[PDB]
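Engineer: One structure coming up, written as structure tokens, with questions to follow.
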Amino acid sequence: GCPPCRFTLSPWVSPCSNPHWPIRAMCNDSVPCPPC
């Protein structure tokens, strides 16, 4: 399964705008369920 982004530090907007934890995959959220 997809590793869960618990506390999106976005906080409510897209996970791509997330302070720290700079994973590109969750920023690719427009793609099928991407892993954090």
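Letters A, B, ... mark the chains of the structure tokens in the order given; residue numbers begin at 1 per chain; ligand numbers begin at 1, in order shown.
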Tell me, as a list in words, which residues lie within 9 Å of stretch 4-7 of chain A, counting only C-alpha atoms; anything in the same chain fewer than 2 positions away does not count.
Structural biologist: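 That gives residues 1, 2, 9, 10, 11, 15, 26, 35 and 36 of chain A.
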Engineer: Take the residues from that selection and put them in a file with C-alpha atoms, as a PDB file, in the first residue's frame.
Structural biologist:
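Once written, part.pdb looks like this:
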```
ATOM      1  CA  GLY A   1       0.000   0.000   0.000  1.00  0.00           C
ATOM      2  CA  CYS A   2       0.879   3.679  -0.065  1.00  0.00           C
ATOM      3  CA  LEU A   9       2.358  20.135   7.026  1.00  0.00           C
ATOM      4  CA  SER A  10       0.778  21.782   4.012  1.00  0.00           C
ATOM      5  CA  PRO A  11      -1.384  21.594   6.033  1.00  0.00           C
ATOM      6  CA  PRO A  15       1.144  17.653  -0.043  1.00  0.00           C
ATOM      7  CA  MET A  26       3.564  12.866  -2.828  1.00  0.00           C
ATOM      8  CA  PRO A  35       3.984   6.792  -1.706  1.00  0.00           C
ATOM      9  CA  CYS A  36       5.206   9.229   0.935  1.00  0.00           C
TER      10      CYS A  36
END
```
Engineer: Could you find all residues in chain A that DSSP calls helix (DSSP H, G or I) from the backbone, and write them as a list in words?
Structural biologist: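 Filtering chain A down to helix (DSSP H, G or I) leaves residues 24, 25, 26 and 27 of chain A.
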Engineer: Go ahead and dump the residues you just picked, C-alpha atoms, as a PDB file, in the first residue's frame.
Structural biologist:
```
ATOM      1  CA  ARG A  24       8.654  14.255  -4.790  1.00  0.00           C
ATOM      2  CA  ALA A  25       6.283  11.301  -4.991  1.00  0.00           C
ATOM      3  CA  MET A  26       3.564  12.866  -2.828  1.00  0.00           C
ATOM      4  CA  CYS A  27       3.929  16.040  -4.912  1.00  0.00           C
TER       5      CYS A  27
END
```
Engineer: Please report the interatomic distance between atom CA of residue A:14 and atom CA of residue A:31 in Å with one decimal.
Structural biologist: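 Here the two named atoms are 12.8 Å from each other.
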Engineer: Using only C-alpha atoms, find the one residue out of A:23, A:34, A:29, A:17 that sits nearest to residue A:3.
Structural biologist: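 Comparing A:23, A:34, A:29, A:17 against residue A:3, the winner is A:34.
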